[PDB]
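Down below is the structure, laid out as structure tokens.
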Amino acid sequence: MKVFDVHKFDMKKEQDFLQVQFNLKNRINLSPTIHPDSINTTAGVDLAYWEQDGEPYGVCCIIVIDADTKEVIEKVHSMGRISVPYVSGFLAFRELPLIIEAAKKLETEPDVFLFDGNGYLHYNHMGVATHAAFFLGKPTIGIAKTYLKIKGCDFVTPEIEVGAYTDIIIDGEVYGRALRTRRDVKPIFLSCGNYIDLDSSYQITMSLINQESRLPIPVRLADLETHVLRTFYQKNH
């Protein structure tokens, strides 16, 4: 699908990256309410990396499923040498190029994109899920497997029950939630990406959860796809 040409990727020093984040950060809108049964499709995005001939590479997979049946309707991927981090703390910038490339290959138009990564739950509310939203022009959701501790703030462990959650609050603001997707197993960390409220992010995520993994269906499939493709390229180097 078509994507918005938000900005270029010519940033050099950390100052450049901060300026881009601060600009987009003021364009974040978490007011949209979106019911799970009102959408036609949901997409999952993930990225995998590996060492190769001395240079770092990455493969981004986007898995699109039918919202109602949860069946896979489209799969695309992008692959290329990832840019070596000349700065630190801006992973999203070195991932976006591959993400945009993959999204451009999409024949479908996903109504929402769930990312294997953070969104609003980020030091500057500018995690990959949120950042990618501007380019995609679509609502996005952040699904993180690990907790990013901000301002020295720790989260409250959610109940053992499925769907249980706790709000991660920093400076009196809700950054996201610690969510128990699969009972008793490690919870995931949910945050709005952009163009959607926490309630909807939560409802859509839970509607995509089955007792097989703690990651919503779309994201679990993308993750598995990025791993199989990476293994393919590695053994065929």
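Ligands are numbered from 1 in the order shown, residues from 1 within each chain, and chains are lettered A, B, ... in the order they appear in the structure tokens.
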
| message | Could you pull out the strand (DSSP E) residues of segment 111-218 of chain A, going by DSSP on the backbone, and write them as number ranges by chain? | response | A: 113-116, 140-144, 165-170, 173-179, 188-194

Can you check which parts of segment 185-216 of chain A lie within 12 Å of segment 41-63 of chain A? Per residue, the shortest pair of atoms and distance in Å to one decimal, counting only C-alpha atoms, sorted by chain and number, as a tab-separated table.
residue	atom	partner	partner_atom	distance
A:201	CA	A:42	CA	11.9
A:204	CA	A:42	CA	9.1
A:205	CA	A:42	CA	10.2
A:207	CA	A:42	CA	11.0
A:208	CA	A:42	CA	9.4
A:215	CA	A:44	CA	10.2
A:216	CA	A:44	CA	8.6

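Taking only segment 77-117 of chain A, the residues that DSSP calls helix (DSSP H, G or I) from the backbone come to residues 91, 92, 93, 94, 96, 97, 98, 99, 100, 101, 102, 103, 104 and 105 of chain A.
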
Keeping only N, CA, C and O atoms, write those residues as an mmCIF file, in the first residue's frame.
data_model
loop_
_atom_site.group_PDB
_atom_site.id
_atom_site.type_symbol
_atom_site.label_atom_id
_atom_site.label_comp_id
_atom_site.auth_asym_id
_atom_site.auth_seq_id
_atom_site.Cartn_x
_atom_site.Cartn_y
_atom_site.Cartn_z
ATOM 1 N N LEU A 91 16.589 2.628 17.790
ATOM 2 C CA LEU A 91 16.364 1.422 17.009
ATOM 3 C C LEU A 91 15.318 1.628 15.918
ATOM 4 O O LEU A 91 15.513 1.214 14.777
ATOM 5 N N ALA A 92 14.209 2.268 16.275
ATOM 6 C CA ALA A 92 13.126 2.512 15.332
ATOM 7 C C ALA A 92 13.595 3.117 14.013
ATOM 8 O O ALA A 92 13.085 2.766 12.947
ATOM 9 N N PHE A 93 14.562 4.030 14.077
ATOM 10 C CA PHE A 93 15.060 4.663 12.859
ATOM 11 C C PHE A 93 15.733 3.676 11.913
ATOM 12 O O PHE A 93 15.608 3.795 10.695
ATOM 13 N N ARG A 94 16.445 2.697 12.457
ATOM 14 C CA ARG A 94 17.097 1.729 11.587
ATOM 15 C C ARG A 94 16.202 0.552 11.227
ATOM 16 O O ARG A 94 16.652 -0.407 10.603
ATOM 17 N N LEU A 96 12.557 1.310 10.451
ATOM 18 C CA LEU A 96 11.555 1.910 9.591
ATOM 19 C C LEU A 96 11.755 1.673 8.097
ATOM 20 O O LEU A 96 10.809 1.312 7.396
ATOM 21 N N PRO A 97 12.981 1.869 7.585
ATOM 22 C CA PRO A 97 13.210 1.646 6.151
ATOM 23 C C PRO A 97 12.711 0.273 5.683
ATOM 24 O O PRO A 97 12.023 0.168 4.668
ATOM 25 N N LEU A 98 13.046 -0.775 6.427
ATOM 26 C CA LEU A 98 12.593 -2.115 6.068
ATOM 27 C C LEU A 98 11.087 -2.257 6.275
ATOM 28 O O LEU A 98 10.413 -2.953 5.515
ATOM 29 N N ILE A 99 10.562 -1.597 7.304
ATOM 30 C CA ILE A 99 9.133 -1.657 7.595
ATOM 31 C C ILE A 99 8.331 -1.004 6.476
ATOM 32 O O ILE A 99 7.333 -1.555 6.001
ATOM 33 N N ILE A 100 8.784 0.166 6.048
ATOM 34 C CA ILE A 100 8.118 0.901 4.987
ATOM 35 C C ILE A 100 8.172 0.115 3.685
ATOM 36 O O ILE A 100 7.182 0.029 2.965
ATOM 37 N N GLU A 101 9.336 -0.454 3.389
ATOM 38 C CA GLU A 101 9.514 -1.240 2.174
ATOM 39 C C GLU A 101 8.511 -2.381 2.098
ATOM 40 O O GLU A 101 7.892 -2.609 1.055
ATOM 41 N N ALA A 102 8.368 -3.100 3.207
ATOM 42 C CA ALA A 102 7.449 -4.227 3.287
ATOM 43 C C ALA A 102 6.013 -3.746 3.124
ATOM 44 O O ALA A 102 5.250 -4.302 2.337
ATOM 45 N N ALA A 103 5.656 -2.696 3.858
ATOM 46 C CA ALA A 103 4.307 -2.142 3.790
ATOM 47 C C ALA A 103 3.943 -1.741 2.359
ATOM 48 O O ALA A 103 2.789 -1.872 1.942
ATOM 49 N N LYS A 104 4.931 -1.253 1.614
ATOM 50 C CA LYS A 104 4.715 -0.836 0.229
ATOM 51 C C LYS A 104 4.392 -2.014 -0.685
ATOM 52 O O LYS A 104 3.821 -1.843 -1.765
ATOM 53 N N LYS A 105 4.734 -3.217 -0.243
ATOM 54 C CA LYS A 105 4.463 -4.404 -1.037
ATOM 55 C C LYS A 105 3.049 -4.934 -0.814
ATOM 56 O O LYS A 105 2.560 -5.749 -1.592
#

| query | Leaving out residue 12 of chain A and any residue of its chain fewer than 5 positions from it, which residues lie within 10 Å of it when counting only C-alpha atoms, given as an MDAnalysis selection string? | reply | chainID A and resid 17 85:87

| task | To one decimal in Å, tell me the separation between atom CA of residue 184 of chain A and atom CA of residue 209 of chain A. | result | 14.4 Å

| field | Atom-to-atom span, atom CA of residue 33 of chain A and atom CA of residue 139 of chain A, Å | value |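 That distance, rounded to one decimal, is 10.1 Å.
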
| remark: residue 174 of chain A proximity check over A:153, A:20, A:28, A:121, using only C-alpha atoms: winner is A:121

| request: Using only C-alpha atoms, determine which residues lie at most 12 Å from residue 166 of chain A, disregarding the query and same-chain residues fewer than 5 positions distant; provide the list as a ChimeraX atom specification. | output: /A:154-160,174-180,187-191,202

| said: From the options A:76, A:112, A:217, A:185, which residue's atoms come nearest to residue 138 of chain A, counting only C-alpha atoms? | reply: A:112

| message | So, with only C-alpha atoms as the atoms that count, which of A:220, A:183, A:122, A:237 lies closest to residue 64 of chain A? | response |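 Using only C-alpha atoms, the shortest distance to residue 64 of chain A belongs to A:220.
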
| said: With distances taken over only C-alpha atoms, which residue among A:89, A:119, A:137, A:152 lies nearest residue 198 of chain A? | reply: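 Using only C-alpha atoms, the shortest distance to residue 198 of chain A belongs to A:119.
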
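Atom pair atom CA of residue 13 of chain A / atom CA of residue 131 of chain A: separated by 18.8 Å.
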
| Within 9 Å of residue 129 of chain A, counting only C-alpha atoms, which residues qualify if same-chain residues fewer than 5 places away don't, as a PyMOL selection string? | chain A and resi 92+113-120+140-143+191-194
